[PDB]
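Report on the structure given below.
Every residue, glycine as well, gets a Cβ built from its backbone with ideal geometry; the counts of neighbours run over all protein chains shown. Every number here is computed from the coordinates shown, using simple stated rules; none is lab data.
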Amino acid sequence: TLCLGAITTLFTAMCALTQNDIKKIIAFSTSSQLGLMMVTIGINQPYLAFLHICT
Amino acid sequence: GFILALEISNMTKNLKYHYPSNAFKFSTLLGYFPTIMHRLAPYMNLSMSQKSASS
Amino acid sequence: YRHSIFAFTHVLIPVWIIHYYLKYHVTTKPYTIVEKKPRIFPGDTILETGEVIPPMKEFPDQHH
Amino acid sequence: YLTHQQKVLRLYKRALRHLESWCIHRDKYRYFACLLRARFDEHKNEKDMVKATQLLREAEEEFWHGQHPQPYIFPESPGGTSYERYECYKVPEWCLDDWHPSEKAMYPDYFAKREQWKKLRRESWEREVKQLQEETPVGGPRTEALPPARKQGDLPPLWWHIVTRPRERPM
Amino acid sequence: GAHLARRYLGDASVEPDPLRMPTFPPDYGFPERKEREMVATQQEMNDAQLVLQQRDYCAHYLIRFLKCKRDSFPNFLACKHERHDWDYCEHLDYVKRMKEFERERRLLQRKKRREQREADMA
Amino acid sequence: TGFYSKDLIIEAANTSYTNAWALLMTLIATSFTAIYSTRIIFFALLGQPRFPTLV
Amino acid sequence: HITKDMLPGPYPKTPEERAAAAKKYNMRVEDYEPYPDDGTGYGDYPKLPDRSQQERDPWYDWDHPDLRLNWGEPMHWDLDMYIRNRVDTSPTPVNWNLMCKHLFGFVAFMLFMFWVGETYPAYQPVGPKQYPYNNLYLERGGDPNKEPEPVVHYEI
Amino acid sequence: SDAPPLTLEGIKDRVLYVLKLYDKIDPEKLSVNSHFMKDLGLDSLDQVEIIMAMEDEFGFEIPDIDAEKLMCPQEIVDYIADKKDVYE
Amino acid sequence: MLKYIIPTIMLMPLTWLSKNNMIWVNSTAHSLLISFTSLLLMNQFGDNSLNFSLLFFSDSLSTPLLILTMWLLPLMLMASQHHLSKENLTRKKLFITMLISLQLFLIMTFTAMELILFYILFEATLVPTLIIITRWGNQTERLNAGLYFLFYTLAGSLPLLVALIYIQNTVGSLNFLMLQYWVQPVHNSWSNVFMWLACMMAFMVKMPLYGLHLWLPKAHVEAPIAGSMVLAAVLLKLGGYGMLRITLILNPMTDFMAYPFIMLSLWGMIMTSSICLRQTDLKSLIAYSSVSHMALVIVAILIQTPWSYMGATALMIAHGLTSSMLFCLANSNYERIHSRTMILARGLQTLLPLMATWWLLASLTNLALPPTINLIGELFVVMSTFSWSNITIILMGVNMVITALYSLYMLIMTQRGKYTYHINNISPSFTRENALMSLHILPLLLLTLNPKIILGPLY
Amino acid sequence: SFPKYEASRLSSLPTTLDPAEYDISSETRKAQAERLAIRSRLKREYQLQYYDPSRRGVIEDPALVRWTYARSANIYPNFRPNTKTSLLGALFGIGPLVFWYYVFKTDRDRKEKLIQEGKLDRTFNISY
Amino acid sequence: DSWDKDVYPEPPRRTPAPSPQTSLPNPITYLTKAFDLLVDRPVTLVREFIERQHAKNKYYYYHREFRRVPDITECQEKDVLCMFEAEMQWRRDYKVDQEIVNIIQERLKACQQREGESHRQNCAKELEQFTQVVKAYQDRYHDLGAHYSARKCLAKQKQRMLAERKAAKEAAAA
Ligand SMILES: CCCCCCCCCCCC(=O)OC[C@H](COP(=O)(O)OCC[N+](C)(C)C)OC(=O)CCCCCCCCCCC
Ligand SMILES: *C(=O)CCCCCCCCCCCCC
Ligand SMILES: [Zn+2]
C-alpha cells in the first residue's frame, strides 16, 4: 500500500504539471491526494488517513 | 516548490521560442497509459471476441 | 412556517416512528443494540452501584 | 479532393492555432504569429509547382514534429468539452404527430400553424421531385448541393429537414 | 535519518540494527539499573479502554488527560495544559528509547576495538 | 484546514520504519502540489484576460 | 426481402466476378479488395481499411452523424469495433513504438527503485519501545495460565 | 445559460467592429457588402486571419471548407446567424 | 397438485368457447388467477417436503420454479397480442392452446415424484415448443431452428431414458423419496462413467453447456416472443432442475466426472460473455447471455455444497425474470422498426423516455447489481467455488467485468447517442408494453426483501 | 530532418505526412472524382426517401443487411478446413480447456492432502 | 422479560457519574431533556394505549415440542418407515445446531463491541466457547455435501472414531 500510494501521488501530480483543462488539473489533484492517503495507510497511521479524508 | 512555480511561470512570458520535449509530451498525454491500454486492450479483446470466440 | 412543517413531517414524524420501532421492537431482542461500555476513570462514582475506584498513585511529575 | 491552394491555407490555419497554444499569452502570440506569417510570404511568390509541393511536404512535416500535444479546442467542436452536449435535447419534429389531443390542445396556435408547413411541403414535394430529375445527368447525380428555387413560389428541393432541423440549443 | 548513510554507503558493523537492538547481556554494565515504575497497573488501564499500544508507560498521563476531555466538554479548547504534560512524558520516553540507540552504537565501536586489538596483536 | 492532517502525515512518514524510495516520492509530490496549484492561480487570476470580448 | 443476388457470396475467382461484386457492394472495381481466400469465411466481402470511425471528417454532413456513415456505403467488417465508443486508430503525436518504450521504461525503473528502497529502509534512531507487564502479555490476548518468562526493561 | 441571445443586429455590428482594427482594411471603404478579392482586394491568407478573428470573437469555429467561401462581412453574419438559430 | 392441473386444462375450453373478440382478455385474466393460487405451494417445512400423493410433490426447489412458470403464462399472452393481430381466429386459438399445454407439462414436470414421469413430461415440452417456433416464427431459419432444438435434446434424452430404467431394475424404484433412503454409492468403473454421462448429458444440453449450445442461438432467435420468453425463462431451468435431483444418486463419482464440465462452464462462461461484445443482433446477444449465466448453474450443481445449491436456485429464478424481460424489451423495438439489427435504431431514450428506464433496470439486474437476487445467487456460487478452488475467483471475476461491458454496451448502443434520422415510426410506448415490463421487474425487485423463498431446499 | 512518422494498425499514417495526396495523377483525379460519383448517387436515393412526406417506417439499407449477413450467415459456407483454421481452432478451443484443467486439478490434489493429513487450517471453516 | 438472561448474558453496566469541571453548560443534557419530552413521552403514550388493547384479549402461542424418536443407528437397512423418522429428527437437530452456533457467534460479536478497545483481553471466554462449539459443529456437519443426510453424518462419525481408536490403540505402543 505504501509503494502503491507513493507512485500514485507522484505520477498523477506529474501529469498535472502540464495539464490545461481546469477540471483535469483538479482531477489529478484528487488522485495525488488519494495517493497521499494510501501512503498514510501504508505507514500504519489509519486515523491520519481518515483525518485527511474529512479535511 | 512554490518559488519554482512562479519563476517557471514568469519564464513563459518571455518572447523566446519553445522546444517540444519528451518529458513535456510524456506529462501532457498522461504518461501514455491512456493511449496504449485504452487502444490495445479493446483491440485485443474485441478482436478475439469476434474472429476466435464467435466466428 | 415552511420550516415548521418540514421539521414536523420530515423530522418529528420519522423520529417518532424510529424511537417507537427501536424502543419496543429492536431493543426487546438480545444484542440488536450493543453499546460500548463507558470509559471509567479513577476518582469517579458509578451511578448504579455506588462503587468508587481509588485514584491513581502519586505522580513523580515535574514542571514544564 | 483538396486543392494545392487550400492545403497551404489549412496548414496556415492549424499553425497559428497550434502556435497560439504554445504561446498562451496574446502579446507573445503576435510576436511569433507574424514571424510564421512572414515565412509563408517568402515562398508566397513561388510558381514552380514541383518545389512548392516539395516545401509543402516539408511544411506539413515541420508542423507535425512541432505540433502541440494538447491543442486548444473551442468547446463545441469535434474534440471540445461540450461537443454534442445537447444532442439529447434535439428531439425530432415528426414526434409531434404522435402527441395526444389532450396535450396537443395545449398549443392551439402551434399545431394549426404546423399544418401550413405540411401543406407547404405536401404540395411542394411533387414540384421538388420534378426539379431535381430535370436538372441531373441521365446517368445520375455527380456531386452534392442542389438547385435553388428557379421560379417564384417553389421552394428549394430537399428543404424540409435543412429548414426544420432541431434548434441547436433546445433547452 | 542520517546514520543510514553510515550503514548503507559506509561500514556495517558499527550501527545497531533496529530489528536487532541490544541482545548484549542484561543490565550488567551500568551499575544499579532500576525498573521503570507503572502507575496504572492492570485494571486502571483496562477501564478507560486505552488503545492496545497507547498504554506503554504514560498511561496515567493519558488517563489524566482523557479525564479532562470528558469533563471539559463542551470546552474543547481547555485541557491544553494536560495534553502538554502527556506529550512531554512521551518526549522523555522517546529520548529514553533513543539513548539505547547511541548506547548500543558506542558499545559496538567499543566491541570492535577489542576485536581489532586481538586481530592485530600478532 | 489541511495542515492539521497533511503535515502530520509527512512528520509521521519521515520518522517511521518506511521505504526510502516511497518517502522520496511523497516529498517530491508535495512540491508538485504547489506547482500545478500555482498553475491554476496564475493562468486564471493573474496576468491579462485571454477570454473573448462578449462574456 | 433481398434475393440471393444482392447479398454476400463466395470468393470471386475470375475477373468478371470481381466486377459484379464491386457493383454489388457499391465500390469502384479498382478499390474492391476481397479478403484473402484463406478459408476463414470472409467470402467476397470488401476489406476496407482498418480506419476507426473517429478518423472521419467530423464536419461533413453524414447520414448517420454518430456513426459517421453514408446510407448505402459498404460497412467495415469490424464496424462495431471501430465505432467512436471503442477502438480508436487516429494518428498520435508520438509514434506508437516510442510511446511504449517510455511507458515501459518509467514503470520498470519505478518498480526497481521500490525494490531498492525496500531492502534499504529509511528509519530514525530509536529502540524497541517498551511496554509493561511482560510486554502487555495480558493486554495482548495472552493466556492467563502459563505466565511468560519475566520480561523487564531498565532505565537509561 | 444566462448568456443573452445574440441579436441579428448585434452580429453585424460585431463583424465590422472586428474588421476595423485590422490595420489592413480601410475603415471608410468596408461595409456590409465588401468582397476581399474583387472589391477591396485583400490577401487570401488574410482571410484565414480574418476568419480566425471571427472565431475568437464568437467562440464557435467555422470549418475550413465553408470559411474559405466567406469573403463578404455580411456573409459572415449569414453564416454565424445560421449557426446559433438567430432569427431576429 | 390437481388444484393447479385442472384449472390449467380448463383454460383451453375457455379460449375455444370464448367470444371471438375476448380470447386474449379471458385467457389472460384466468391465467393470472391460477398464478395467484400458486402461492399456496409455499407451505414448506424445515424437515419434510410437501408430499401431495404418490405422483406429485412440491419441495422448496420445485415451488419457486412452479410460481415462475404459472406467472409467466399471463405475460406470454400480453406479449403475443401484436404479431398475432392479422392471424385468423382458429390459429390464434391454437397458438394459445400450445402455450397452455406447455404450462401443463411444466408444472407436472416440476412436481413428478417419479423420475420416469419426470422424463415423459420433460420430453413432452418439446412438441409444443417446436410447434410454436416453426409455425409462428417470422424467418426462414425457424425451420432449421426447430431441427437443431429437437435433435440436440433427443440426442441426449434417449440415453437418459435407458439410464433411468436401468436404475429402476437395480434400486427397484425411481420414486425420488425412496432414492433418498435407498441410494447406494457409485463405484469407479467404466460402466458407471457412462451411466453418469447418460444421466447428466440430457440436462447439459438443455442448460445449455458450452459446446452443446449451438441450438440456443438458433431457437431463441427465430422463435416468436412467447416462445423465447418460455424458452429462456423456464425451459432452460428444466436442465438445472434435473441435475439438482439426479445428482443425488451419482455420488461419489461426481467428484472427478465433473472436471471436464467445470472447465467447459468456467471457460465457456468467459467465451459466451465475450461473444455478446460483438453481436450484431440484439435478440442474439440476449440469447448468448443466457449461456453465460447458466454456466454458473452447472458449476454450482456439480460441486455440491449447501452454498452452491442455494445460489443455483436463486440464479435460476433470477435469470428467468431477467432473460424474459430482456426479450420483451428487445421485441418492443422490433414491433416498431421490424429489424433485429442492434445498430439500426439508436438514441431511443430520446423518443421513448419510459422504456429506457426499463432498459436500465433490466441491464442492472443482468450485471448483478446488489442487493438484487441476481447478485445474491451469483455471489453464493462465487463463495462456494472459492472454497472448491481459490483460483476460480480469477475466472468468475473476469466474467463479472465482461458481463458489465456487454450489458451496458447494449444499453448504450440503443438508448443513448443520436437518434436514427430515417426512422420516423417510433410511436410512444403502449400501456401493454409498459405493463409487460413492470410485471417482470416488480416481483424481481420485491423478492429482495424476502429472498429465503428462492434459496431452495438447503436454506 | 525529423524522425519520420512510422505507422501501426492502432496509429494510422497521417494524411498530411503521406506521399499519396500531393501527387496529382491523371488516373487519381479521374478516380477520386469517380468515388464521389457513387458516393453522391447513393445519397440521392437516400435523400429522396428521407424527404418524401408520404413515407412512414424504416428505409431498408442493403449495405447494413449485407454487413450482418456476412458476419453471421455467410461464414460457414465460405469455410474450408485447412492448416490455419484447424490449428487455430485446436489451440483456441482445446488449449484453454486443457490448461485450466491442470491448474485446478493440481490445486485440488494439493488441498486434499493438506486436509487428509490434517496440515491445513480449517479451524473456523463451517460454511462451504 | 423478553429474552432469557441466561442465554444472552450481559455484564452489569457501570455508568460513571458526571463530574463536570467547566462552567459552560452541556447542550447534550438539554437535548436529552428535550428528547424525552417531545419524543419519548408522546411515544410512550401510544404504546400504553396499544399495550392496553393487547391486554384485553390475550391469546397464547406455544413452542412446539418434538417427541424423541429412534436415531438412524437404530434403524434397519432399507427400512424407510424407521429411516424417515430418524432422518427428519436429524434435520431438525441440524437446524437447532445451526442456531446454537449463531447464538455463540452473536454473543462473541456482542462482547467485542461492548468491551471496545479491551476486547482482545476481556472477550476471552466468549471466544473459547465459540472455538469449542465450532469444533463440535464442524465435526458433525461438514464435508457432508449438498445431499447431506443422517447416513452420511453417521458414516463420517464412524470414520472419526476409527481414526481416534487406531491412534489411541497405537498410542500405547509408543
Ligand atoms: C525537493 C524535491 C524536488 C523539488 C522540485 C521538483 C522537481 C524539479 C522539477 C520541477 C519543474 C518542472 O517539472 O517544471 C514543470 C514544467 C512547467 O511547464 P513548462 O514546460 O515550463 O511550461 C509549459 C508551456 N511551454 C512548454 C510553452 C513553456 O513542465 C515541464 O517542464 C514538463 C515536464 C514536467 C515533468 C518533468 C519531471 C518528471 C521526471 C520523471 C520522468 C518523466
Ligand atoms: C532520515 O530518514 C532523513 C530522511 C529525509 C529525506 C529527505 C531529505 C531532503 C534533504 C534535502 C536537502 C536539504 C539540505 C538542507
Ligand atoms: Zn409488428
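Does segment I:380-387 include one or more residues that are within 22 Å of I:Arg278 (Cβ to Cβ), part of a helix (DSSP H, G or I), among the aromatic types (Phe, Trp, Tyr) and under 23 Å from the mean Cα position of the chain (by Cα)? No, there is no match, as no residue in segment I:380-387 is within 22 Å of I:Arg278 (Cβ to Cβ), part of a helix (DSSP H, G or I), among the aromatic types (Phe, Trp, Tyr) and under 23 Å from the mean Cα position of the chain (by Cα). Here I:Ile373, I:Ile303, I:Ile391, I:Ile298 are screened, and the one residue that is away from ligand 1 (no atom under 16 Å from the Cβ) and without any contact (Cβ under 8 Å) to a residue 40 or more places away in the chain is I:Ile391.
The single condition from (1) closer than 17 Å to G:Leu79 by Cα; (2) surrounded by 14 or more Cβ atoms within 10 Å (Cβ to Cβ); (3) at the interface with another protein chain (Cβ under 9 Å from one of its Cβ atoms) that G:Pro49 fails is (2).
Kindly check whether there is at least one residue in segment F:5-12 that is within 14 Å of ligand 1 (Cβ to nearest atom) and exposed (fewer than 15 other Cβ atoms within 10 Å of the Cβ). No: zero hits. The test for being away from ligand 3 (no atom under 16 Å from the Cβ), in a helix (DSSP H, G or I) and surrounded by fewer than 17 Cβ atoms within 10 Å (Cβ to Cβ) holds for D:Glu58.
From the list I:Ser60, I:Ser53, which one is more than 30 Å from I:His82 (Cβ to Cβ), outside any helix (DSSP H, G or I) and under 24 Å from the mean Cα position of the chain (by Cα)? Criteria check complete, one pass: I:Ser60. When you scan segment I:294-317, do you find a residue that is more than 16 Å from ligand 3 (Cβ to nearest atom), on the phi > 0 side of the Ramachandran plot and crowded, with 22+ Cβ neighbours inside 10 Å, even just one? Yes - at least one qualifying residue is present in segment I:294-317.
Conditions tested, residue by residue: (1) in contact with a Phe, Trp or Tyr (Cβ under 8 Å, 6 or more places away or on another chain); (2) within 14 Å of chain B (Cβ to nearest Cβ); (3) among the β-branched types (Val, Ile, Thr).
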| site | (1), (2), (3) |
| --- | --- |
| I:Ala233 | no, no, no |
| I:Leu236 | no, no, no |
| I:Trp267 | yes, yes, no |
| I:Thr272 | yes, yes, yes |
| I:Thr280 | yes, yes, yes |
| I:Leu285 | yes, yes, no |
| I:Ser292 | no, yes, no |
| I:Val299 | no, no, yes |
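Taken residue by residue, segment F:31-50 has no member that is within 14 Å of ligand 1 (Cβ to nearest atom), without any contact (Cβ under 8 Å) to a residue 40 or more places away in the chain, within 17 Å of A:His52 (Cβ to Cβ) and within 14 Å of chain G (Cβ to nearest Cβ).
Against the criterion of being among the aliphatic types (A, V, I, L, M) and more than 7 Å from every other protein chain (Cβ to nearest Cβ), J:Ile24 qualifies. Take the conditions (1) in contact with a helix residue (DSSP H, G or I) (Cβ under 8 Å, 6 or more places away or on another chain); (2) more than 16 Å from ligand 2 (Cβ to nearest atom); (3) part of a helix (DSSP H, G or I); (4) not small (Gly, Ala, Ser); G:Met113 misses just one of them, which is (2). For segment G:122-156, the set of residues classified as at the interface with chain E (Cβ under 7 Å from one of its Cβ atoms), of a type in the set (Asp, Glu) and closer than 28 Å to E:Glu32 by Cα consists of G:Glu155 only.
Residues that are within 14 Å of chain G (Cβ to nearest Cβ), touching an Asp or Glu at 6+ places or on another chain (Cβ under 7 Å) and not aromatic (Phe, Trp, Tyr) within segment D:43-81 comprise just one, D:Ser77. Here the condition is being away from ligand 3 (no atom under 16 Å from the Cβ), over 17 Å from the mean Cα position of the chain (by Cα) and either assigned to a loop (DSSP other than H, G, I, E, B) or at positive phi (or both); of E:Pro16, E:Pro74, it holds for E:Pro74 alone.
Residue-wise test of (1) surrounded by 12 or more Cβ atoms within 10 Å (Cβ to Cβ); (2) away from ligand 2 (no atom under 16 Å from the Cβ); (3) part of a helix (DSSP H, G or I); (4) within 14 Å of chain F (Cβ to nearest Cβ).
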site	(1), (2), (3), (4)
B:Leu6	yes, yes, yes, yes
B:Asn10	no, yes, yes, yes
B:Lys16	no, yes, no, no
B:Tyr19	no, yes, no, no
B:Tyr32	yes, yes, yes, no
B:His38	yes, yes, yes, no
B:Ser54	yes, yes, no, no
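The residues listed here are I:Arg346, I:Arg336; of these, the one that is within 13 Å of chain J (Cβ to nearest Cβ) and either outside any loop (DSSP other than H, G, I, E, B) or more than 28 Å from J:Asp61 (Cβ to Cβ) (or both) is I:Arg336. When segment I:29-50 is filtered for residues that are over 21 Å from the mean Cα position of the chain (by Cα) and of a type in the set (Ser, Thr, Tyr), the ones remaining, listed by number, are I:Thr37, I:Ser49. For segment E:19-53, a residue qualifies if it is part of a helix (DSSP H, G or I) and either within 16 Å of ligand 1 (Cβ to nearest atom) or closer than 30 Å to K:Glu117 by Cβ (or both), and the qualifying residues are E:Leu19, E:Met45, E:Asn46, E:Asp47. Looking only at residues in segment K:56-79 that are in contact with a helix residue (DSSP H, G or I) (Cβ under 7 Å, 6 or more places away or on another chain), surrounded by fewer than 17 Cβ atoms within 10 Å (Cβ to Cβ) and free of Cβ contacts under 8 Å to residues at least 40 places away in the same chain, the one that is farthest from I:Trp182 (Cα to Cα) is K:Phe66. From the list F:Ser16, F:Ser37, the lone residue that is surrounded by 14 or more Cβ atoms within 10 Å (Cβ to Cβ) and either in a loop (DSSP other than H, G, I, E, B) or within 16 Å of ligand 3 (Cβ to nearest atom) (or both) is F:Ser16.
Of all residues in segment K:18-33, those satisfying the criterion of being surrounded by 11 or more Cβ atoms within 10 Å (Cβ to Cβ) and either within 12 Å of chain C (Cβ to nearest Cβ) or outside any helix (DSSP H, G or I) (or both) are K:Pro18, K:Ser19, K:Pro20, K:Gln21, K:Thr22, K:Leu24, K:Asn26. Within segment J:43-52, is even one residue of a type outside the set (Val, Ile, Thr), more than 12 Å from chain G (Cβ to nearest Cβ) and under 30 Å from D:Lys118 (Cα atoms)? Among the residues of segment J:43-52, at least one is of a type outside the set (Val, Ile, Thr), more than 12 Å from chain G (Cβ to nearest Cβ) and under 30 Å from D:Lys118 (Cα atoms), which makes the answer yes. Check segment I:96-119 and report whether any residue there is among the β-branched types (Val, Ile, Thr) and out of contact with any helix residue (DSSP H, G or I) (no Cβ under 8 Å at 6 or more places or on another chain). No - not one qualifying residue is present in segment I:96-119. Answer yes or no: is there a residue in segment E:87-94 that is among the acidic types (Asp, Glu), over 22 Å from G:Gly127 (Cα atoms) and surrounded by 14 or more Cβ atoms within 10 Å (Cβ to Cβ). No, there is no match, as no residue in segment E:87-94 is among the acidic types (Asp, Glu), over 22 Å from G:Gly127 (Cα atoms) and surrounded by 14 or more Cβ atoms within 10 Å (Cβ to Cβ).
Residues checked against (1) in a helix (DSSP H, G or I); (2) of a type in the set (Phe, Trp, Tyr); (3) farther than 30 Å from E:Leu66 by Cβ; (4) within 10 Å of chain K (Cβ to nearest Cβ):
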site: C:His10; (1), (2), (3), (4): yes, no, yes, no
site: C:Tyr24; (1), (2), (3), (4): yes, yes, yes, yes
site: C:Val34; (1), (2), (3), (4): no, no, no, yes
site: C:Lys37; (1), (2), (3), (4): no, no, no, yes
site: C:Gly43; (1), (2), (3), (4): no, no, no, yes
site: C:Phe59; (1), (2), (3), (4): no, yes, no, no
